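Novice: can you look at this? It's an experimental structure, sequence on top.
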Amino acid sequence: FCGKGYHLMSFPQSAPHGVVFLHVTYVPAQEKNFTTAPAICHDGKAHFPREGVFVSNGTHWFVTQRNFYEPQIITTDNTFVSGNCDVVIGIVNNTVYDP
Amino acid sequence: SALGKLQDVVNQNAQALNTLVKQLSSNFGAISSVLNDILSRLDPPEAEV
Amino acid sequence: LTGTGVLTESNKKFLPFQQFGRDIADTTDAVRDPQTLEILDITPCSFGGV
Amino acid sequence: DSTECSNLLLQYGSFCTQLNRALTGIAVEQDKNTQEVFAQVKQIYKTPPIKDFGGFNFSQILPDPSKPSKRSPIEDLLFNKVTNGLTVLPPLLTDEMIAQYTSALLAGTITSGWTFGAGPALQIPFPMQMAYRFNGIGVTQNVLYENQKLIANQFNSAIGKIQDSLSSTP
Amino acid sequence: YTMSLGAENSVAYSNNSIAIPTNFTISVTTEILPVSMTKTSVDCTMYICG
Ligand SMILES: *[C@@H]1O[C@H](CO)[C@@H](O[C@@H]2O[C@H](CO)[C@@H](O)[C@H](O)[C@H]2NC(C)=O)[C@H](O)[C@H]1NC(C)=O
Ligand SMILES: *[C@@H]1O[C@H](CO)[C@@H](O[C@@H]2O[C@H](CO)[C@@H](O)[C@H](O)[C@H]2NC(C)=O)[C@H](O)[C@H]1NC(C)=O
Ligand SMILES: *[C@@H]1O[C@H](CO)[C@@H](O[C@@H]2O[C@H](CO)[C@@H](O)[C@H](O)[C@H]2NC(C)=O)[C@H](O)[C@H]1NC(C)=O
Ligand SMILES: *[C@@H]1O[C@H](CO)[C@@H](O[C@@H]2O[C@H](CO)[C@@H](O)[C@H](O)[C@H]2NC(C)=O)[C@H](O)[C@H]1NC(C)=O
Ligand SMILES: *[C@@H]1O[C@H](CO)[C@@H](O[C@@H]2O[C@H](CO)[C@@H](O)[C@H](O)[C@H]2NC(C)=O)[C@H](O)[C@H]1NC(C)=O
Ligand SMILES: *[C@@H]1O[C@H](CO)[C@@H](O)[C@H](O)[C@H]1NC(C)=O
Ligand SMILES: *[C@@H]1O[C@H](CO)[C@@H](O)[C@H](O)[C@H]1NC(C)=O
């Protein structure tokens, strides 16, 4: 509705019998492959991200925000626990750090 | 051609005005397209037609 | 040729054969007066909406 | 072909030009409408050959390779259910290219989420895409993950009911 | 020629891989929308009859 991409803001400009909108939008770029999982299995419990997504660079598991790569250590502060590991299809085993 | 949307509206309105002005030159089956020529050439019974 | 308008001086270089002038609507816009052969411009009298 | 009729028609001026120009404007407006509706992507996406979407079935909406028109079964049913100086101009986009545009949109929204509509197509598994959509309507991801088989079965049953309702309602 | 619809792109879909952006582009685009026309009024009596 306000340009191509994720809309940030817009500027109006007057034109003869018209209006010109300068739509400032956010475009993602330089994407990278990662191996992802729906949940983390730890101590017989399933951990799900509060706002982000589990990614792996090959050996280590992290959680990052969805629209920008910013890897962080999977802790209890950014995950929530629901159920055991027997139900979620594709759950992987990884440690969950406790601050 | 960046500003073609406004120029399209301007061209359509100017072309409609030009067509409306051009339609005065047609007699539509009458002897002349000029009203003064008809009013100066004919009696009112046929100038009425 | 009948009509109403203000007759003013003009700067249109008519060729010898040329007598009058016509606009897009075909209404006469300039005329050459007989007897004196001068070229008179025909400008419609002022009008507008009240 | 009457020349006397055209000689009398020239007395009325440029009415025919106005009618032809209005119809030409309508004719290009239809192509502009189709261009604005269907051509919202400049990349023609394809689904992967393996249809492993975590139990979700899209065969009724993906194009059928056995059909020469490359239409979906639903689109094929939709196309089956619709039945002096005059000329009909053909549309600029044929039905095959409109079907190709819809196939590209379906492949983009299945394999890449809403990311292809805002930039480059970023691949994501479909049971994760669904969880993101669940979080968009305010339901936690765990609910989707725990009950993924039931949601896939409900989705497939609803798609089949859509095809049955379109085939059973005139 | 028969017009192409787009460049062909095959999305590398698999059931356990995701693509995450590592950078961004701030893109400014123009959108031109007409608002009004020229306000034209025609004296119907003067147009038909003068
Ligand atoms: C995945 O990311 C982690 C974290 O950045 C990497 O682990 C680090 O790797 C560097 C380079 O060998 C070491 O100097 C650090 O000591 C490592 N940190 C830890 C906590 O082990 C890991 O190498 C990355 N893996 C791949 C395949 O890129
Ligand atoms: C993830 O961890 C669980 C629990 O530590 C593993 O489940 C065990 O698997 C072994 C052999 O596969 C069994 O003998 C145990 O009885 C299982 N324990 C439970 C509690 O189920 C699971 O295999 C691990 N998965 C991976 C991929 O390493
Ligand atoms: C997805 O749905 C289609 C259609 O509902 C399934 O295709 C059916 O498969 C069964 C058994 O294989 C056949 O008896 C039906 O005739 C098929 N229907 C059609 C319309 O072809 C398909 O099996 C489902 N699953 C997958 C993985 O594609
Ligand atoms: C993520 O990985 C996939 C597969 O490993 C990459 O897809 C391949 O990309 C190359 C180069 O563009 C193509 O020649 C292959 O045909 C692609 N394979 C498939 C199955 O599509 C993809 O490019 C990777 N993504 C990134 C950002 O590097
Ligand atoms: C993200 O992208 C921006 C540009 O889109 C990169 O900034 C450029 O970096 C190169 C090398 O450092 C410079 O030569 C250019 O002058 C920079 N451009 C601008 C506009 O500043 C940036 O480095 C990228 N970051 C990452 C992490 O990839
Ligand atoms: C993904 O597919 C592979 C086979 O290609 C399978 O082994 C694996 O279990 C699947 N994972 C999920 C989460 O469906
Ligand atoms: C009379 O008109 C002719 C042209 O029609 C012109 O040459 C002549 O000078 C005019 N004479 C007078 C007295 O106006």
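Specialist: Arrived safely, thanks for sending. Numbering: from 1, shown residues only, chains lettered A, B, ... in the order given. Ligands and ions are numbered 1, 2, ... in the order given.
Novice: the residue nearest to residue A:2 when sequence neighbours are not counted: neighbouring residues, count only.
Specialist: Leaving out its chain neighbours, the residue that sits closest to residue A:2 by C-beta to C-beta, 6 or more residues apart in numbering or on different chains is residue A:23, at 5.1 Å. Using the backbone N, CA and C atoms, a C-beta is placed for each residue, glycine as well. Using other C-beta atoms under 10 Å in any protein chain shown, residue A:23 has 19 other residues around it.
Novice: can you check the one 5 residues further on too?
Specialist: Residue A:28: 22 surrounding residues under other C-beta under 10 Å.
Novice: what about the helices in the chain?
Specialist: Here I'm looking at chain A. With DSSP state H as the definition, chain A shows no helices.
Novice: actually, chain E is the one I wanted.
Specialist: Using DSSP H, helices in chain E cover E:44-49.
Novice: near ligand 6, which residues of it?
Specialist: Taking C-beta under 6 Å from any ligand atom as the contact definition, chain E meets ligand 6 at E:15, E:16.
Novice: surely residue D:56 touches residue D:154?
Specialist: No. With contact defined as C-beta atoms under 8 Å, residue D:56 and residue D:154 do not form a contacting pair (10.5 Å).
Novice: which one of the two is surrounded by more residues?
Specialist: Using other C-beta under 10 Å as the criterion, residue D:56 and residue D:154 rank with residue D:56 on top: 19 against 11.
Novice: the more buried one: what's it in contact with?
Specialist: D:126, D:127, D:130, D:152, D:155, D:156 (C-beta atoms under 8 Å, 6 or more residues apart in numbering or on different chains).
Novice: give me the buried entries from those residues.
Specialist: Buried by 16 or more other C-beta atoms under 10 Å in any protein chain shown: D:126, D:127, D:130, D:152, D:156, out of the contacts of residue D:56.
Novice: which ones are touching the residue in chain B positioned nearest to ligand 4?
Specialist: Chain B approaches ligand 4 most closely through residue B:2 (33.7 Å), counting by C-beta to the nearest ligand atom. When contacts are counted by C-beta under 8 Å, 6+ apart, residue B:2 touches E:30, E:32.
Novice: the same query, at a cut-off of 10 Å, please.
Specialist: Residue B:2 is in contact with A:20, E:30, E:32, counting by C-beta atoms under 10 Å, 6 or more residues apart in numbering or on different chains.
Novice: any idea where the helices of chain B begin and end?
Specialist: Secondary structure of chain B by DSSP H: the helices cover B:4-22, B:35-41, B:44-47.
Novice: out of those, which gets nearest to residue D:34?
Specialist: When these are ranked by distance to residue D:34, counting by C-beta to C-beta, first place goes to helix B:4-22 at 18.4 Å.
Novice: residue closest to the middle of chain E?
Specialist: residue E:31 (7.2 Å; C-alpha atoms, centre = their mean).
Novice: go ahead and flag the most central residue of the chain.
Specialist: Reading this off chain A. Centroid-nearest residue in chain A, with C-alpha atoms, centre = their mean: residue A:66, separated by 1.9 Å.
Novice: I was after chain C.
Specialist: For chain C, residue C:30 is the residue whose C-alpha lies nearest the centre (C-alpha atoms, centre = their mean; 1.9 Å).
Novice: and it, that's in a strand?
Specialist: Yes. Per DSSP: H, G, I helix; E, B strand; the rest coil, residue C:30 lies within a strand segment.
Novice: near ligand 4, which residues of chain A show up?
Specialist: Residues of chain A lying near ligand 4 by C-beta under 6 Å from any ligand atom: A:31, A:32, A:33.
Novice: OK, contacts around the last one?
Specialist: When the contact criterion is C-beta under 10 Å, 6+ apart, the partners of residue A:33 are A:55, A:57, D:122, D:123, E:12, E:14, E:17, E:18, E:19, E:20.
Novice: top of the residues you listed by neighbour count?
Specialist: residue E:18 (25 neighbours).
Novice: pretty sure residue D:80 contacts residue D:67?
Specialist: No. With contacts counted by C-beta atoms under 10 Å, residue D:80 stays clear of residue D:67, the gap being 11.7 Å.
Novice: ok, those two, which is more surrounded?
Specialist: More neighbours surround residue D:67 than the other of residue D:80 and residue D:67, with 12 against 9 (other C-beta under 10 Å).
Novice: hmm, residue D:115 is touching residue A:29, no?
Specialist: No. Here residue D:115 does not reach residue A:29: they are 11.9 Å apart, not a contact under C-beta under 10 Å.
Novice: tell me, what's touching these two both at once?
Specialist: Common contacts of residue D:115 and residue A:29 (C-beta under 10 Å, 6+ apart): residue E:21.
Novice: compare neighbour counts for the two and give me the winner.
Specialist: Using other C-beta under 10 Å, the more surrounded residue of residue D:115 and residue A:29 is residue D:115, with 23 against 13.
Novice: re the thing from before, beta partners for the residue nearest to residue A:2?
Specialist: With DSSP bridges applied, residue A:23 shows beta-bridge pairing to residue A:10, residue E:29.
Novice: my guess is it contacts residue A:3, does it?
Specialist: Yes. If you go by C-beta under 10 Å, residue A:23 and residue A:3 touch, sitting 2.9 Å apart.
Novice: so for the two, which residues contact both of them?
Specialist: Both residue A:23 and residue A:3 are contacted by A:10, E:27, E:28, E:29, E:30, E:31, under the criterion C-beta under 10 Å, 6+ apart.
Novice: could you check how far the third one is from chain B?
Specialist: Here the criterion is C-beta to the nearest C-beta, to the nearest Å. By it, residue E:28 lies 14 Å from chain B.
Novice: tell me who's in contact with the residue nearest the centre of chain D.
Specialist: Nearest to the mean C-alpha position of chain D, by C-alpha atoms, centre = their mean, lies residue D:102 at 3.9 Å. The contact partners of residue D:102, by C-beta under 10 Å, 6+ apart, come to D:38, D:61, D:63, D:71, D:72, D:75.
Novice: point out the residues in chain E that sit beside chain A.
Specialist: Within chain E, the positions near chain A by C-beta under 10 Å from any C-beta of the partner chain are E:12, E:14-38.
Novice: narrow those residues to just the buried residues.
Specialist: By neighbour count, with 16+ other C-beta under 10 Å, these hold E:15, E:17, E:18, E:19, E:20, E:21, E:24, E:27, E:32, E:34 as buried.
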